[PDB]
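Next up: a single chain in structure tokens, the form deposited in one PDB entry.
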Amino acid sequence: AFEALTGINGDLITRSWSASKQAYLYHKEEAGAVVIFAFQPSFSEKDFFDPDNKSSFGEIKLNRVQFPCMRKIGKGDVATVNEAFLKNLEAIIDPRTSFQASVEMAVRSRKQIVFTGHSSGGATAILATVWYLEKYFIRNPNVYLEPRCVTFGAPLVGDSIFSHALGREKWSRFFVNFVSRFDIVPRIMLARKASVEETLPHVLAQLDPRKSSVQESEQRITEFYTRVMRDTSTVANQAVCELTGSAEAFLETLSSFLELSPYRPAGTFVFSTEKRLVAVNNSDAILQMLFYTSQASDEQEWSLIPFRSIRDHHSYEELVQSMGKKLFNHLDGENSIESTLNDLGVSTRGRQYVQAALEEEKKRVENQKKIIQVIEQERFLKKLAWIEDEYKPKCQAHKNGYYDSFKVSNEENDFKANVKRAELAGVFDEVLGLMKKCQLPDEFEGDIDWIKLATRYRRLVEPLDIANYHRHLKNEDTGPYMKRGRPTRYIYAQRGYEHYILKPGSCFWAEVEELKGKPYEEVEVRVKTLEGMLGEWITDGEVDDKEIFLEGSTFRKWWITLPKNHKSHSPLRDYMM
């Protein structure tokens, strides 16, 4: 069921491998409707670790402009990619290369897009498919322009944020990477640059298939293998302990005292072994399997695993030829996995670790379903109803803005609205705290229902919160609303709404109160900007003009205090009345 799971046929794998070798000599492969693009691999010391970068782990913050919608929606932080691979991407993107022109021509004819490569030639291909995904898939999602990316033994290139963003966009299914059981090409990047700088050029020269690849100094190969293995073991142990582990202050202390690679596996790695084939989707379990599979078994195996990996760097031909002739097992769908991992050679500790990762994924989806069920309960909808149908309409009838009524009033209504706002804020802060610690699926922000509910909650409740905040004179105790005191639930809802509307707020009372007092020329410019923002808000619906344009509104009083010249200049005169 490998073809059913990945959507890639074995003949396409054969074509990908053939094009990969051919491109060794951006090679296009017009094979029917499928257009196979193969990038030429390179074996140089600067290729894996960019000299410009100073950190022990070559990384650079991905520019939001070139890579929109890869940053985490929460916390507003971008992921990290290898600097040299990004330089290769930008070099290929150049119009003189005409690679992007060829891709555009192929897409205009609705031809299938396939990106392939081996080692370096592959790592880049993955970047280029991500680039094409953000170029065309996100704007108009469609089946015909859906690309495919198959690569053999590529070094890890994405961070944890990159994997989270890939999963959130549901683009991880288009990625399938073939990795041999013994191959140091994908495992090298999980190591400190200085720890391997001594023997890196030698092993890179030996690994070059185009090169003679002979006269290999076992000593140097063994040292490089030992350093890479040690670093990968440290990274994997730290990751598994962080994900599910006790003594968190202990890990925090050594994390303050240590430096570990942040790059994490991304996509759907498929492992290869003479006995059977195995494919996994869990990113954390991918690193665990990567470390455990390449572990030594006996003294006869030792000093041969380095040599075995060196030869298996170019042994993917036999795997492609015998891909159909090997049993396929989907690790995620498989219930009993002990026998499969024993065939893979993974020790008991690795089996338990990957099982714990699968269980933690099950717990994450269970928490998602529990939150969904809690949201579906009628009581929360009733509580929203109360606010939108008893408090606000009564305030409209009382000729007082519900915000202004919230400020000064004695009616129980106000107390009931306060209680409802507190109850809603508690649940929304619960959900926000669950989302902060990544205890909810990466796609929990994705579905339109939750973001719509959060936007409605913000637009309905946030004026009440600011009314409470300014009424108690906390602005003169800590500061303005925007500087401090803004709950991050509303900020997260605004971020989600902005991200949703990027492809195809309601806190104006804050700055309105800020403008109160100390009138100046800069203030009146802010008044004009406010007026424009209020117009575009009532166009959007974040704030409602009629409940704000009342005679008893605080905005109305502030405008009355405003000099008559800005009043004459403003266009909202007729609307205010």
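Throughout, we count residues from 1 along the sequence that is shown. C-alpha atoms forming the largest set that superposes within 1.5 Å between two forms make up the rigid core.
Although not depicted, the form deposited in another entry is the subject of the following passage.
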property	result
Which of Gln377, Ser339, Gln300, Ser109 is displaced between the shown form and the other one by 2 angstroms or more at its C-alpha, rigid core aligned	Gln300
Shift of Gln352 between the shown form and the other one at or above 2 Å (CA, core fit)	no
After fitting the core, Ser246 CA displacement of 2 Å or more between the shown form and the other one	yes
Rigid core superposed: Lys516 CA moves 2 Å or more between the shown form and the other one	yes
